[PDB]
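Colleague: Residue numbers (this note's numbering): 34 to 68. Here a beta-carbon is modelled for each residue, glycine too, at the ideal position from N, C-alpha and C. First the structure, then my questions, so here it is.
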């Protein structure tokens with residue numbers, strides 16, 4: 034299996050950690066629903 038999903042999300046999520054370390058509303062809006 035290719036499994037190139039997590040490979041593309043890996044560098045993605047890590048990006049928001051620095052670019053949007055203080056802006057969950059801009060990205061993860063309805064993230065509370067998954068928690």
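1. Quick one: measure Cβ to Cβ for residue 49 and residue 60, integer angstroms, because I've assumed they're closer than 8 Å.
2. Among residues of its own chain, excluding the 5 on either side of residue 53, which ones have a beta-carbon nearer than 8 Å to its beta-carbon?
3. Is residue 64 closer than 9 Å to residue 57 when the C-beta atoms are compared?
4. Look up residue 45 in the DSSP assignment and say whether it is helix, strand or coil.
Modeller: Well, looking at it:
1. 6 Å
2. 59 and 60
3. yes
4. helix
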